[PDB]
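Step one of this worksheet: look at the structure below.
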Amino acid sequence: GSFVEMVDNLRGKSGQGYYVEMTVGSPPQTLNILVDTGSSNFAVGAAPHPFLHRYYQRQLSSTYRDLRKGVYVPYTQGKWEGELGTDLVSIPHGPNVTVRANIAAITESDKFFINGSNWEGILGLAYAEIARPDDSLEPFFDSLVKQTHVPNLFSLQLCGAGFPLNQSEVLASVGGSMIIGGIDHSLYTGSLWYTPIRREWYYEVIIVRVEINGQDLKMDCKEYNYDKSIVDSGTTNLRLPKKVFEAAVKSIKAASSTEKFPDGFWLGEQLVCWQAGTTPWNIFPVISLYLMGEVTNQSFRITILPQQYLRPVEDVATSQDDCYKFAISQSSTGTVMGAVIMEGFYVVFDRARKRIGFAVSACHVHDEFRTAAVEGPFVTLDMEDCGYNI
Ligand SMILES: CN1C(=N)N[C@](C)(c2cc(-c3cccc(C#N)c3)cs2)CC1=O
């Protein structure tokens, strides 16, 4: 590991997201910021809110600059309104540099901030194409690279605990690492395998084959990327296009048929519990996603375990049972490789070489019989045909 100052700088969990500490303004105002590769705006709470115990106070920053422009950002569920401006920003447990970046000061919001959560803003790490209001608002990472000598690359190791973390524990626990400008070898084992970034807007990739316990889902590969497939640290679940989700659930149900689970479980609505320590990991299948490789007609696969797709949750009766929710769900906006996938791997967002690397995470949860994996290469033809076009 060559980046000790940044190792273990994240906190959180898949259900609440993972955040890094940042400072904004002069003198510096400390805030916890959600690390989100699924968006491109740096936005922070800038007004009192019931679920925030601190926020950005522009009037107390001598380096604050008003851009005199508002921004409205609506999401599937939730939305916020803010005022655009710039200020000096730093990451305490990050590169030792300070940069002037755009900041959306959130003044009004609805179902955005989460009661119980510990973050006060979001750091959109994706590209300008999807920034709001438009691509003219330079994203934080672009500013960082343009203003310093930090290499145009970052890597993320999200660490699921494998069990529930209570309010106090989740605040004291190490949730992972965000290495800005490099790759830390202590965070993974084995080799890194890279897939191309198809287009620079979201971190879009192309899935070319899917297997459930080695059995080919056997769908037209275009279905797996309809209408796109992205890597998003800001999404909890592994989300799959409707048809792919239906086929995957049918296969996962068949593989785990020795035990029957209620429809509510497969819908990700209700939890299932087992006596402490007896979770039947072995009856659930591993899931492999094959991704386009960097060499023509070559692909590689990343394999996750149920320890990744069954999200630990505290039981309603806070019993001693080990409980989980099914963390694979349907999407009408393409495949989303969320925390479920990311917790199994160290993921390298190599913007400089327009590629995303995957390696088995040194902190992935597993058992004595199976482990997550990243393996290759495999001969795969016409992978370009797997990509979707409107
Ligand atoms: C999916 N996705 C995204 N990646 N980023 C956006 C900005 C947002 C993510 C969150 C959010 C909140 C809490 C936990 C997690 C988690 N985990 C993500 C709130 S807005 C919009 C969106 O819909």
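Residue numbers (the entry's author numbering): 58 to 447.
Note that CB positions come from ideal geometry on N, CA and C, so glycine has one too.
The alpha carbon of residue 260 has as its nearest neighbour, out of 414, 77 and 309, the alpha carbon of 414. By the neighbour-count criterion, in which a residue is buried when 16 or more other Cβ atoms sit within 10 angstroms of its Cβ, residue 169 is buried. The Cβ atoms of residue 416 and residue 71 lie no closer than 7 Å to each other. As summarised for the region 270-344, the continuous beta strand (DSSP E) elements at least 3 residues long and confined to that stretch are 286-288, 295-298 and 329-331, given in chain order. DSSP places residue 363 outside any beta strand (DSSP E); the residue lies instead in the alpha helix (DSSP H), whose first and last residues are 363-366.
Per the C-alpha coordinates, the member of 149, 93, 186 and 393 positioned closest to residue 85 is 149. In this structure, the CA atom of residue 284 is about 43 Å from the CA atom of residue 83.
Across the structure, residue 192 and residue 180 are spaced so that their CA atoms are roughly 16 Å apart.
Note on geometry: alpha-carbon atoms of residue 429 and residue 394 lie some 15 Å from one another. Taking all protein chains in view, the Cβ of residue 153 is surrounded by fewer than 16 other Cβ atoms within 10 Å, so the residue is classified as exposed. Here the distance from the Cβ of residue 96 to the nearest heavy atom of ligand 1 is below 6 Å. Residue pairing by DSSP places residue 68 opposite 76 in a beta bridge.
Listed as beta-bridge partners of residue 430 by DSSP are 360. Shown here for residue 65: same chain residues with a beta carbon closer than 7 Å to its own, the five before and five after excluded, namely 231 and 234 in chain order. In this structure, residue 76 has its CB at a distance of at least 6 Å from all heavy atoms of ligand 1. Scanning 188, 175 and 399 for the CA closest to the CA of residue 223 turns up 175.
When Cβ pairs closer than 8 Å are counted between the two stretches, the region 428-443 is seen not to touch the region 369-382, the count staying below three.
Buried is the label assigned to residue 178, since at least 16 other Cβ atoms lie within 10 Å of its Cβ.
A distance of 7 Å or more separates the beta carbons of residue 156 and residue 124. Annotated as distal: residue 349 and residue 447, with beta-carbon spacing of 7 Å or more.
For the pair residue 63 and residue 345, the Cα-to-Cα distance works out to about 30 Å.
Of the candidates 292, 158 and 105, the residue whose Cα lies closest to the Cα of residue 196 is 158. Here residue 216 carries a coil assignment [DSSP, helix/strand/coil]. When the Cα atoms are used, residue 357 and residue 442 turn out to be separated by approximately 17 Å. Boundaries for residue 180: no alpha helix (DSSP H) harbours it, while the beta strand (DSSP E) harbouring it runs 178-181, taken from the DSSP string.
By the Cβ test, the region 274-293 is in contact with the region 380-391, since at least three Cβ pairs between them sit closer than 8 Å. Counting C-beta atoms within 10 angstroms of its own C-beta, residue 342 has 16 or more neighbours from the protein chains shown and is therefore classed as buried. Proximity to residue 95 across 160, 324, 318 and 184 peaks at 184, based on C-alpha coordinates. Judged by DSSP in its simplified three-state form, residue 420 adopts coil rather than helix or strand.
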